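Here is query29.txt, consisting of compact mmCIF, C-alpha atoms:
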# COMPACT_ATOMS: atom_id res chain seq x y z
CA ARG D 1078 12.46 20.30 23.58
CA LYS D 1079 11.91 17.79 20.77
CA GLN D 1080 9.65 15.75 23.06
CA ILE D 1081 7.61 18.79 24.07
CA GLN D 1082 7.25 19.79 20.42
CA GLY D 1083 6.16 16.20 19.77
CA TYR D 1084 3.48 16.60 22.43
CA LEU D 1085 1.48 18.50 19.79
CA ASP D 1086 -1.55 16.65 18.46
CA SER D 1087 -0.91 17.01 14.70
CA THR D 1088 -4.58 16.70 13.73
CA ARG D 1089 -6.09 17.21 10.27
CA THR D 1090 -7.46 20.59 11.35
CA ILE D 1091 -4.11 21.48 12.94
CA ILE D 1092 -2.27 20.43 9.77
CA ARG D 1093 -4.62 22.53 7.64
CA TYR D 1094 -4.06 25.52 9.94
CA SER D 1095 -0.28 25.08 9.70
CA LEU D 1096 -0.44 24.88 5.90
CA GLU D 1097 -2.59 28.02 5.82
CA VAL D 1098 -0.68 30.30 8.21
CA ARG D 1099 2.70 28.90 7.08
CA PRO D 1100 2.45 27.89 3.42
CA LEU D 1101 4.86 25.35 2.02
CA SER D 1102 7.37 26.34 -0.64
CA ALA D 1103 6.73 25.37 -4.25
CA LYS D 1104 9.38 22.64 -4.21
CA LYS D 1105 8.13 21.35 -0.85
CA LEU D 1106 4.55 21.51 -2.13
CA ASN D 1107 5.49 19.43 -5.17
CA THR D 1108 7.49 16.89 -3.16
CA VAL D 1109 4.66 16.40 -0.66
CA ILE D 1110 2.20 16.00 -3.54
CA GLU D 1111 4.34 13.54 -5.54
CA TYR D 1112 5.95 11.64 -2.65
CA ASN D 1113 4.27 8.45 -3.89
CA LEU D 1114 5.66 8.78 -7.42
CA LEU D 1115 9.10 9.72 -6.09
CA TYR D 1116 9.09 6.73 -3.74
CA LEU D 1117 8.15 4.35 -6.56
CA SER D 1118 10.85 5.87 -8.78
CA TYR D 1119 13.36 5.42 -5.95
CA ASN D 1120 12.46 1.73 -5.67
CA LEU D 1121 12.73 1.32 -9.44
CA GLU D 1122 16.52 1.36 -9.06
CA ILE D 1123 16.49 -1.79 -6.89
CA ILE D 1124 13.44 -3.83 -7.96
CA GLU D 1125 13.96 -3.69 -11.73
CA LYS D 1126 17.19 -5.39 -12.83
CA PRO D 1127 20.45 -6.70 -11.33
CA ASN D 1128 22.70 -3.67 -10.86
CA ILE D 1129 26.49 -3.75 -10.98
CA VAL D 1130 27.59 -4.06 -7.35
CA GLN D 1131 30.92 -4.09 -5.53
CA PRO D 1132 32.47 -7.60 -5.56
CA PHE D 1133 32.92 -8.27 -1.84
CA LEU D 1134 29.12 -8.53 -1.64
CA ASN D 1135 29.38 -12.01 -3.21
CA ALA D 1136 30.45 -13.30 0.21
CA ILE D 1137 26.96 -12.55 1.54
CA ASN D 1138 24.59 -15.41 0.66
CA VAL D 1139 21.08 -16.47 1.58
CA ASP D 1140 22.68 -18.85 4.11
CA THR D 1141 24.47 -16.02 5.94
CA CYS D 1142 22.92 -15.17 9.29
CA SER D 1143 20.66 -12.13 9.23
CA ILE D 1144 22.77 -10.43 11.90
CA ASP D 1145 25.90 -10.52 9.73
CA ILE D 1146 23.97 -9.13 6.76
CA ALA D 1147 22.50 -6.41 9.00
CA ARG D 1148 26.01 -5.48 10.15
CA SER D 1149 27.26 -5.27 6.56
CA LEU D 1150 24.16 -3.41 5.36
CA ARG D 1151 24.32 -0.76 8.10
CA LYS D 1152 28.07 -0.37 7.55
CA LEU D 1153 27.54 0.15 3.81
CA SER D 1154 24.39 2.30 4.09
CA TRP D 1155 25.88 4.92 6.44
CA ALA D 1156 29.29 4.71 4.75
CA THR D 1157 29.29 8.42 3.88
CA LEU D 1158 28.53 9.34 7.50
CA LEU D 1159 30.77 6.84 9.28
CA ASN D 1160 33.59 6.26 6.74
CA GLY D 1161 33.72 2.53 7.42
CA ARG D 1162 33.49 2.61 11.21
CA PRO D 1163 31.19 -0.10 12.61
CA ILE D 1164 27.85 0.28 14.36
CA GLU D 1165 27.43 -1.61 17.64
CA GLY D 1166 24.68 -2.27 20.15
CA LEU D 1167 21.86 -2.58 17.60
CA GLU D 1168 21.50 -6.11 16.25
CA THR D 1169 19.25 -8.71 17.91
CA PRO D 1170 18.58 -12.22 16.54
CA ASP D 1171 15.36 -12.71 14.64
CA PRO D 1172 12.96 -14.84 16.73
CA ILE D 1173 11.94 -17.41 14.10
CA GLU D 1174 15.42 -17.80 12.63
CA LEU D 1175 17.13 -17.98 16.04
CA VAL D 1176 15.24 -21.05 17.29
CA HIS D 1177 15.45 -24.50 15.69
CA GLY D 1178 12.37 -25.99 17.30
CA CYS D 1179 11.28 -29.59 17.61
CA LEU D 1180 7.84 -30.91 18.56
CA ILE D 1181 7.86 -34.31 20.31
CA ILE D 1182 4.80 -36.49 19.70
CA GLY D 1183 4.38 -39.86 21.40
CA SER D 1184 7.27 -42.10 20.37
CA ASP D 1185 9.19 -39.22 18.76
CA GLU K 55 -27.94 32.62 -3.40
CA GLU K 56 -25.43 29.77 -3.83
CA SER K 57 -25.74 30.07 -7.60
CA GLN K 58 -23.25 27.32 -8.48
CA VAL K 59 -24.81 24.81 -6.07
CA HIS K 60 -28.24 25.44 -7.57
CA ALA K 61 -26.81 25.18 -11.08
CA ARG K 62 -25.38 21.74 -10.31
CA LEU K 63 -28.52 20.54 -8.51
CA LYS K 64 -30.79 21.79 -11.30
CA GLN K 65 -28.56 20.00 -13.80
CA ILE K 66 -28.91 16.78 -11.80
CA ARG K 67 -32.69 17.30 -11.60
CA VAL K 68 -33.18 17.89 -15.32
CA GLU K 69 -30.98 14.88 -16.12
CA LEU K 70 -33.02 12.71 -13.74
CA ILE K 71 -36.25 13.93 -15.34
CA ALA K 72 -34.90 13.33 -18.86
CA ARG K 73 -33.62 9.80 -18.23
CA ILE K 74 -36.74 8.81 -16.25
CA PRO K 75 -39.79 10.72 -17.54
CA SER K 76 -42.00 9.15 -14.86
CA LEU K 77 -40.22 11.26 -12.21
CA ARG K 78 -42.41 14.22 -13.21
CA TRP K 79 -45.46 12.15 -12.12
CA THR K 80 -46.52 13.84 -8.89
CA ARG K 81 -48.67 12.61 -5.98
CA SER K 82 -46.69 9.33 -6.10
CA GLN K 83 -48.71 8.11 -9.10
CA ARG K 84 -45.43 6.79 -10.54
CA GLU K 85 -44.00 3.34 -9.78
CA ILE K 86 -40.58 4.87 -9.02
CA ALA K 87 -39.86 4.91 -5.28
CA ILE K 88 -37.68 7.55 -3.60
CA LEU K 89 -35.89 5.93 -0.66
CA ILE K 90 -33.64 7.54 1.94
CA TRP K 91 -30.41 5.75 2.96
CA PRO K 92 -31.62 3.18 5.54
CA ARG K 93 -34.29 1.85 3.15
CA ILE K 94 -31.94 1.12 0.21
CA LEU K 95 -30.11 -1.67 2.05
CA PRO K 96 -31.71 -4.63 0.17
CA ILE K 97 -31.03 -2.95 -3.21
CA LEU K 98 -27.32 -2.13 -2.91
CA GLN K 99 -26.43 -5.24 -4.91
CA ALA K 100 -28.52 -3.98 -7.81
CA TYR K 101 -26.68 -0.64 -8.22
CA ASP K 102 -23.89 -1.98 -10.46
CA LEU K 103 -22.13 0.04 -13.18
CA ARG K 104 -20.22 -2.93 -14.58
CA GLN K 105 -20.20 -1.45 -18.07
CA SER K 106 -18.93 2.08 -18.77
CA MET K 107 -16.42 1.47 -15.98
CA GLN K 108 -12.93 0.06 -16.51
CA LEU K 109 -10.68 1.11 -13.61
CA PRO K 110 -11.98 -1.55 -11.15
CA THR K 111 -11.60 -4.17 -13.88
CA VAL K 112 -7.98 -3.19 -14.54
CA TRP K 113 -7.36 -3.12 -10.79
CA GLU K 114 -8.73 -6.65 -10.38
CA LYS K 115 -6.72 -8.07 -13.29
CA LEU K 116 -3.55 -6.36 -12.05
CA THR K 117 -4.03 -7.69 -8.52
CA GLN K 118 -4.74 -11.20 -9.84
CA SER K 119 -1.71 -11.24 -12.14
CA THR K 120 0.54 -9.92 -9.37
CA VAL K 121 -0.74 -12.42 -6.80
CA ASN K 122 -0.36 -15.34 -9.21
CA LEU K 123 3.43 -14.85 -9.22
CA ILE K 124 4.03 -15.23 -5.47
CA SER K 125 1.46 -17.75 -4.24
CA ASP K 126 3.61 -20.85 -4.66
CA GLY K 127 6.61 -19.01 -3.14
CA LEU K 128 4.56 -17.93 -0.13
CA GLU K 129 3.34 -21.50 0.36
CA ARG K 130 6.97 -22.63 0.34
CA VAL K 131 7.84 -19.84 2.80
CA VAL K 132 5.26 -20.95 5.35
CA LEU K 133 6.16 -24.61 4.76
CA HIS K 134 9.80 -23.85 5.59
CA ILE K 135 8.78 -21.80 8.64
CA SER K 136 6.70 -24.70 9.96
CA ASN K 137 9.45 -27.22 9.19
CA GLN K 138 11.98 -25.13 11.11
CA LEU K 139 9.70 -24.36 14.05
CA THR K 140 8.37 -27.90 14.58
CA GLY K 141 10.32 -30.31 12.41
CA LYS K 142 7.04 -31.37 10.76
CA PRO K 143 5.38 -29.80 7.70
CA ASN K 144 1.82 -29.52 9.10
CA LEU K 145 2.16 -26.89 11.84
CA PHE K 146 -0.30 -24.51 10.16
CA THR K 147 -2.54 -27.13 8.51
CA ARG K 148 -3.16 -29.39 11.52
CA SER K 149 -6.48 -27.84 12.54
CA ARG K 150 -7.73 -27.58 8.95
CA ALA K 151 -6.48 -31.07 8.06
CA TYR K 158 -9.97 -29.50 4.42
CA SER K 159 -9.07 -26.72 1.99
CA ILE K 160 -5.89 -24.67 2.50
CA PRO K 161 -6.36 -21.27 0.77
CA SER K 162 -3.15 -19.87 -0.70
CA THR K 163 -2.65 -16.23 -1.69
CA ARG K 164 -4.06 -17.00 -5.15
CA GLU K 165 -7.14 -18.58 -3.59
CA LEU K 166 -7.48 -15.63 -1.21
CA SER K 167 -7.38 -13.19 -4.12
CA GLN K 168 -9.83 -15.29 -6.15
CA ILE K 169 -12.39 -15.46 -3.33
CA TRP K 170 -11.91 -11.80 -2.45
CA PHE K 171 -12.63 -10.72 -6.04
CA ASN K 172 -15.26 -13.35 -6.91
CA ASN K 173 -17.22 -13.06 -3.66
CA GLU K 174 -20.54 -11.33 -3.33
CA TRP K 175 -20.27 -7.61 -2.53
CA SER K 176 -17.24 -7.57 -4.84
CA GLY K 177 -19.17 -5.94 -7.66
CA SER K 178 -20.83 -3.61 -5.17
CA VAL K 179 -17.45 -2.69 -3.64
CA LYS K 180 -15.97 -1.97 -7.08
CA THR K 181 -18.98 0.14 -8.06
CA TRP K 182 -18.89 2.16 -4.86
CA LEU K 183 -15.11 2.56 -5.06
CA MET K 184 -15.63 4.12 -8.49
CA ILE K 185 -18.44 6.30 -7.12
CA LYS K 186 -16.27 7.50 -4.22
CA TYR K 187 -13.28 8.11 -6.50
CA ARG K 188 -15.35 10.20 -8.92
CA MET K 189 -17.01 12.13 -6.08
CA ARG K 190 -13.66 12.95 -4.49
CA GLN K 191 -12.28 14.06 -7.86
CA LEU K 192 -15.30 16.32 -8.34
CA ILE K 193 -14.93 17.73 -4.82
CA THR K 194 -11.26 18.53 -5.45
CA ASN K 195 -12.16 20.18 -8.77
CA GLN K 196 -14.92 22.25 -7.15
CA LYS K 197 -12.65 23.40 -4.31
CA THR K 198 -9.98 24.47 -6.81
CA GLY K 199 -12.57 26.49 -8.74
CA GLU K 200 -12.96 24.81 -12.13
CA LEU K 201 -16.78 25.32 -12.04
CA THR K 202 -17.03 23.30 -15.30
CA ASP K 203 -17.88 19.65 -16.02
CA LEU K 204 -18.63 19.07 -12.32
CA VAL K 205 -21.43 16.58 -13.11
CA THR K 206 -20.68 12.96 -14.00
CA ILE K 207 -23.26 10.66 -15.61
CA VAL K 208 -22.57 6.94 -16.05
CA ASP K 209 -26.00 6.18 -17.60
CA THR K 210 -25.37 2.44 -17.27
CA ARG K 211 -28.21 0.17 -18.38
CA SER K 212 -30.58 -0.65 -15.53
CA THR K 213 -28.53 1.56 -13.16
CA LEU K 214 -28.34 5.31 -13.81
CA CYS K 215 -25.96 7.22 -11.53
CA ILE K 216 -25.25 10.96 -11.54
CA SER V 917 0.72 13.86 -12.90
CA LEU V 918 2.08 15.24 -16.16
CA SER V 919 4.54 12.34 -16.49
CA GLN V 920 3.11 8.82 -16.14
CA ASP V 921 6.36 6.96 -16.86
CA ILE V 922 6.68 5.60 -13.31
CA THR V 923 3.02 4.57 -13.07
CA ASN V 924 3.18 2.92 -16.50
CA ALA V 925 6.42 1.15 -15.57
CA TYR V 926 4.77 -0.29 -12.46
CA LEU V 927 1.43 -1.05 -14.16
CA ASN V 928 2.81 -2.84 -17.23
CA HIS V 929 5.00 -5.14 -15.07
CA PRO V 930 3.18 -6.90 -12.21
CA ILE V 931 6.46 -8.62 -11.28
CA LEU V 932 7.73 -5.22 -10.11
CA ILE V 933 4.58 -4.81 -8.01
CA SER V 934 5.10 -8.23 -6.44
CA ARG V 935 8.78 -7.55 -5.73
CA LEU V 936 7.98 -4.21 -4.10
CA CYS V 937 5.09 -5.58 -2.04
CA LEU V 938 7.14 -8.53 -0.79
CA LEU V 939 10.09 -6.30 0.12
CA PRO V 940 10.14 -5.47 3.85
CA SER V 941 9.45 -1.88 4.82
CA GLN V 942 12.84 -1.34 6.47
CA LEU V 943 14.51 -2.03 3.11
CA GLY V 944 12.23 0.31 1.15
CA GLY V 945 9.29 -1.99 0.38
CA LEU V 946 5.70 -2.15 1.57
CA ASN V 947 5.76 -5.48 3.46
CA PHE V 948 5.23 -4.10 6.96
CA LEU V 949 4.42 -7.53 8.45
CA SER V 950 7.37 -9.78 9.21
CA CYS V 951 7.36 -13.56 9.45
CA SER V 952 8.43 -13.30 13.10
CA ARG V 953 5.56 -10.87 13.75
CA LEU V 954 3.14 -13.81 13.45
CA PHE V 955 4.32 -14.95 16.90
CA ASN V 956 6.15 -12.14 18.73
CA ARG V 957 4.78 -8.65 19.31
CA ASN V 958 8.15 -7.43 20.60
CA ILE V 959 10.51 -7.47 17.62
CA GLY V 960 13.74 -5.90 18.91
CA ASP V 961 15.85 -5.04 15.87
CA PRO V 962 13.50 -4.83 12.86
CA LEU V 963 16.30 -4.77 10.27
CA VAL V 964 17.53 -8.24 11.28
CA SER V 965 13.96 -9.55 10.99
CA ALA V 966 13.61 -7.88 7.59
CA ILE V 967 16.84 -9.48 6.39
CA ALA V 968 15.65 -12.86 7.66
CA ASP V 969 12.37 -12.53 5.78
CA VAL V 970 14.23 -11.44 2.64
CA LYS V 971 16.32 -14.60 2.98
CA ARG V 972 13.17 -16.71 3.39
CA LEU V 973 11.58 -15.21 0.28
CA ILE V 974 14.81 -15.62 -1.69
CA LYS V 975 15.20 -19.29 -0.77
CA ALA V 976 11.53 -20.04 -1.43
CA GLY V 977 11.49 -18.22 -4.77
CA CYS V 978 9.38 -15.14 -4.10
CA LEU V 979 12.31 -12.73 -4.47
CA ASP V 980 15.74 -13.09 -6.05
CA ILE V 981 19.25 -12.93 -4.63
CA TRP V 982 20.13 -10.06 -6.98
CA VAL V 983 17.48 -8.00 -5.17
CA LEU V 984 19.46 -8.51 -1.95
CA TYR V 985 22.68 -7.61 -3.77
CA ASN V 986 21.03 -4.45 -5.13
CA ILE V 987 19.89 -3.45 -1.64
CA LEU V 988 23.36 -4.09 -0.19
CA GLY V 989 25.03 -2.21 -3.04
CA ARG V 990 22.50 0.62 -2.91
CA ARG V 991 24.08 4.11 -3.01
CA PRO V 992 23.68 5.79 0.45
CA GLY V 993 20.80 8.23 0.77
CA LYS V 994 20.71 11.72 2.28
CA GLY V 995 21.20 11.12 5.99
CA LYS V 996 22.72 13.27 8.72
CA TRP V 997 24.07 12.62 12.20
CA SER V 998 20.63 13.51 13.56
CA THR V 999 18.88 10.81 11.52
CA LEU V 1000 21.09 7.94 12.73
CA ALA V 1001 20.38 8.87 16.37
CA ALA V 1002 16.76 10.05 16.21
CA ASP V 1003 15.61 6.59 15.06
CA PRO V 1004 18.18 3.77 15.32
CA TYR V 1005 17.92 0.46 13.41
CA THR V 1006 17.19 2.55 10.29
CA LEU V 1007 19.23 2.75 7.10
CA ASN V 1008 20.44 5.73 5.09
CA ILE V 1009 17.69 4.97 2.57
CA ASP V 1010 15.67 7.86 1.19
CA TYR V 1011 11.85 8.03 1.25
CA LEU V 1012 11.63 5.58 4.17
CA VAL V 1013 9.46 8.03 6.14
CA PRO V 1014 5.97 8.83 4.81
CA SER V 1015 4.71 12.29 3.94
CA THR V 1016 2.21 11.94 6.80
CA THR V 1017 5.03 12.22 9.34
CA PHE V 1018 6.45 15.16 7.39
CA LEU V 1019 3.10 16.94 7.59
CA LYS V 1020 2.85 16.22 11.32
CA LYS V 1021 6.36 17.58 11.90
CA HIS V 1022 5.64 20.66 9.79
CA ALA V 1023 2.49 21.34 11.82

In structure tokens, what does this structure look like?
Amino acid sequence: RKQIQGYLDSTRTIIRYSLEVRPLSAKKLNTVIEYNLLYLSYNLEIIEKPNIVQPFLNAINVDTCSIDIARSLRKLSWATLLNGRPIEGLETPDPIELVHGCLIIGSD
Amino acid sequence: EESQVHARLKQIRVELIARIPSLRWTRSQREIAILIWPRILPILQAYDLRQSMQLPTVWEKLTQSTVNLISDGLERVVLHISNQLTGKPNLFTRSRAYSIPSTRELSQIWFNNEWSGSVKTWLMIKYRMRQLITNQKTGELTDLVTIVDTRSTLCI
Amino acid sequence: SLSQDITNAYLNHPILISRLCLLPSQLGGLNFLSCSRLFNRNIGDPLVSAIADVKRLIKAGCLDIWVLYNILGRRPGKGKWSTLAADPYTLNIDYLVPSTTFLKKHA
């Protein structure tokens, strides 16, 4: 049913018709209008200053493999939903960081 | 009929007549030429409202100052990527080595190129026109005419 | 907007603009092109690639390690069981989906 509902075109004219026949609420109107400002304000909490973080995060470094950091980040992000249970079957090595290439030229 | 549309167009007409008195000259006895879109192509560089316009300037300085803080880091990023993927530091610069444009150079030649002044002027024109269209659709029906009156380039 | 505090905070500090623009999209930024995307069209898990690019920027000097710590220590957003399964590889980070998709879904 979700797929069939996603079969709809969602065109500018269709969106205008939907907004006309089914008007948004005032709060929804305001959030759609100021999504950009809200998104920037949301980022302001991470791209402004070093926040006080839990201490076990000091184990993660720039040298840690991206897969380990992805595991930790997904475990911490969905912590309210999953209550510490792990997420499996998702992570795949990054192509550039996985390979340690070497180009052989002549006598090399 | 269409009283508001005629009000706005008559306002634009009287302003055009006031700024350029020679526009009243009929029978094409004036030296002013009225050109439809396809015939204004070799003049688009001349329509520049550099003065009485500050938003494109602030945009350019902001973009320059933001780019200047990451150019050397991005060069190091691509250097490390090449060093990991080949073991040599000239993976990306082999064909060109000439001049290797960094992000700072890219910003400088995007903003200092030709058509840069034209693209800032027309970005301002489009921004103002869209603001006026939004105001008209809402129903303000006041101050719906914008005059920049820049020297050598009058735009309404 | 009546309040311009956010726009002034971003305008008066270009370092914030640079940090946001270099941050990968999956982590809440606007950098939708990954370093691995230069070579591979098929990316697999995009969060691992985003973390790798964050590491590259941190070690070069574009970003800072405290940005990574802030992202790791970020307070979980407003996610449900439907959001973890509708689009995997995604984090419980608010405002990750644009208002364009919201308008399409509303229509």

Taking 5 positions as the minimum chain separation for residues in the same chain, which residues sit within 10 Å of residue 125 in chain K when counting only C-alpha atoms? Answer as a PDB file with C-alpha atoms, in the coordinates of the input.
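Here's the written file selection.pdb:
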ATOM      1  CA  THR K 120       0.540  -9.920  -9.370  1.00  0.00           C
ATOM      2  CA  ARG K 130       6.970 -22.630   0.340  1.00  0.00           C
ATOM      3  CA  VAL K 131       7.840 -19.840   2.800  1.00  0.00           C
ATOM      4  CA  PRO K 161      -6.360 -21.270   0.770  1.00  0.00           C
ATOM      5  CA  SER K 162      -3.150 -19.870  -0.700  1.00  0.00           C
ATOM      6  CA  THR K 163      -2.650 -16.230  -1.690  1.00  0.00           C
ATOM      7  CA  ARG K 164      -4.060 -17.000  -5.150  1.00  0.00           C
ATOM      8  CA  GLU K 165      -7.140 -18.580  -3.590  1.00  0.00           C
ATOM      9  CA  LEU K 166      -7.480 -15.630  -1.210  1.00  0.00           C
ATOM     10  CA  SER K 167      -7.380 -13.190  -4.120  1.00  0.00           C
TER      11      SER K 167
ATOM     12  CA  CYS V 978       9.380 -15.140  -4.100  1.00  0.00           C
TER      13      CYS V 978
END

12 Å contact set for residue 955 in chain V, only C-alpha atoms, chain neighbours under 6 positions out, as a VMD selection string: (chain D and resid 1171 to 1173) or (chain K and resid 135 139) or (chain V and resid 949)

Using only C-alpha atoms, I'd like a table of the residues in chain K that come within 12 Å of chain D; for each, show the closest atom pair and its distance in Å rounded to one decimal, ordered by chain and ascending number, as CSV.
residue,atom,partner,partner_atom,distance
K:132,CA,D:1173,CA,11.6
K:134,CA,D:1174,CA,10.9
K:135,CA,D:1173,CA,7.7
K:136,CA,D:1178,CA,9.4
K:137,CA,D:1178,CA,8.7
K:138,CA,D:1177,CA,5.8
K:139,CA,D:1178,CA,4.5
K:140,CA,D:1179,CA,4.5
K:141,CA,D:1179,CA,5.3
K:142,CA,D:1180,CA,7.9
K:143,CA,D:1180,CA,11.2
K:144,CA,D:1180,CA,11.3
K:145,CA,D:1180,CA,9.7

Computed interatomic separation between CA of residue 1168 in chain D and CA of residue 961 in chain V (Å):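 So the two atoms, CA of residue 1168 in chain D and CA of residue 961 in chain V, lie 5.8 Å apart.
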
Within 8 Å of chain V: residues of chain K, using all atoms listed in the file, as a list in words: residues 116, 119, 120, 121, 123, 124, 127, 128, 130 and 131 of chain K

Go through V:954, V:926, V:999, V:983 one by one, measure the shortest atom-to-atom distance of each to residue 1012 in chain V using only C-alpha atoms, and give the residue with the smallest value. V:999

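Nearest to chain D of all the residues V:920, V:1008, V:1003, V:943 is V:1008, counting all atoms listed in the file.
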
Show me which bits of chain V are within 7 Å of chain D, counting all atoms listed in the file, as a ChimeraX atom specification. /V:922,932,935-936,944,952,960-961,963-965,967-968,971,975,982-983,985-989,992,1005,1007-1008,1011,1015,1019-1020,1023

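For the pair CA of residue 1001 in chain V and CA of residue 946 in chain V, the interatomic distance is 23.6 Å.
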
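When CA of residue 97 in chain K is paired with CA of residue 171 in chain K, their separation reads 20.2 Å.
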
Please give the centre and size of the box around range 1165-1181 of chain D (axis-aligned, containing every atom listed in the file, 5 Å added per side), with values in Å to one decimal and written as lines of an AutoDock Vina configuration file.
center_x = 17.6
center_y = -18.0
center_z = 16.5
size_x = 29.6
size_y = 42.7
size_z = 17.7

Cut-off 10 Å around (-19.8, -4.7, -16.6) with all atoms listed in the file: residues as number ranges by chain: K: 102-108, 111, 177, 181, 210-211
